[PDB]
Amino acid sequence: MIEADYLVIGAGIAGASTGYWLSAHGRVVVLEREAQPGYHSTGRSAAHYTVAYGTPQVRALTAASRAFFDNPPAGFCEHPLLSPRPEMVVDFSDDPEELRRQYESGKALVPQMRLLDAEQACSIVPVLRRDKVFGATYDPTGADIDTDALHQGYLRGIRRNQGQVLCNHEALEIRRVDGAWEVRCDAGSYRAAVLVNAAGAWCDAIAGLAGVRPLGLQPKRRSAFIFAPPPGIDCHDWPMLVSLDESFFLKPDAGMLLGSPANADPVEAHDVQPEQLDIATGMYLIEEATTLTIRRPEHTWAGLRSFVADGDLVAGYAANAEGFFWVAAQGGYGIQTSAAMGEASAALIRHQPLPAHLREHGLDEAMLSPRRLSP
């Protein structure tokens, strides 16, 4: 039996970020089922940062994370965590009212957000079919996140603070014993006053082991693929391109193009594989919007974006289950919100007020709590 102050289940971006901030204050042990911490959703994302995405809570958590991403502590990473990648949202269906509403809402959080005419959008991504383009919004402040460096920075930070990150440690049994939570894995047993449930799409399964009422988390499959651009076009500086109705996105990645139908098909938590229909739909939508020809994609994959009913993230203690803390419902936002989520969850776990910089973005206990869910 190994004792800790905080026992975290899951070493994806959620558990790693929460563990990182906790590790400054006590002994953290993170238990991870897989052989590597980023095998599931955290290693399968499109890795983009944009404030104007998701619910108001998500936008606040994303905005509040930028300070850390732009100024992490010395030794956290070797190179910047963010690289410039503006986002251009293109109207392909001639909906000027919706385009205006997205522009106005985005500009309220991003003063530099711009409204583009069709010619401006096509100047930026010249493969757009001009007769299908009706205008766009443009966020000059978007960025790509180096997920590997961020995730490894969190994990290394735990270990440098005398915490432990234990892979091949699937939590199999969980029990409240003598005022603490005890977790049995095949390799070893662990005890801590606080159990942090950061198990991604499996958070409700972890609650099931513990006898704690689950949240109603719904994992949803999203597939993506990479394909080669035609030999004559340099697309490496293109923005992240999204359609106005979120039917697809397309962004440069490692000399290739990364596409997705931006799907969200509800599934059980599992090691999710891409579906042929997903890939074909994404290819069709990109070929409908652009002059690109997509041959058989060179690599395809899928990951899970897991949501509760209201689309907001969850960080808070369970009602009626002492010491059981949810870090859940990251949706499609877990990487871009991870700095604010990690710092806020650590404060809440420790029963401390949220730091002032988070409060200035409108973050508080109530907006994050699982107890807002009803019934």
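Residue indices: 1-based, along the sequence shown.
Averaged over their C-alpha atoms, the temperature factors of 146-154 and 91-99 are higher for 91-99. Here 319-327 and 25-33 are compared by their mean Cα B-factor, and 319-327 comes out higher.
Residue set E78, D139, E170, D237: peak C-alpha B-factor at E78 (per PDB entry). Residues shown: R160, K251, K107, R213. Highest C-alpha temperature factor in the entry: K107.
Annotation for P261: C-alpha temperature factor in the lowest third relative to the rest of the modelled chain, per the entry. Among the modelled residues of its chain, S45 has a C-alpha B-factor that falls in the highest third according to the deposited record. Per the deposited record, the Cα B-factor of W301 falls in the middle third when ranked against the other modelled residues of its chain. Among all modelled residues in this chain, the alpha-carbon of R85 has a temperature factor (C-alpha) in the lowest third. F225 sits in the lowest third of its chain by CA B factor, as recorded in the PDB entry.
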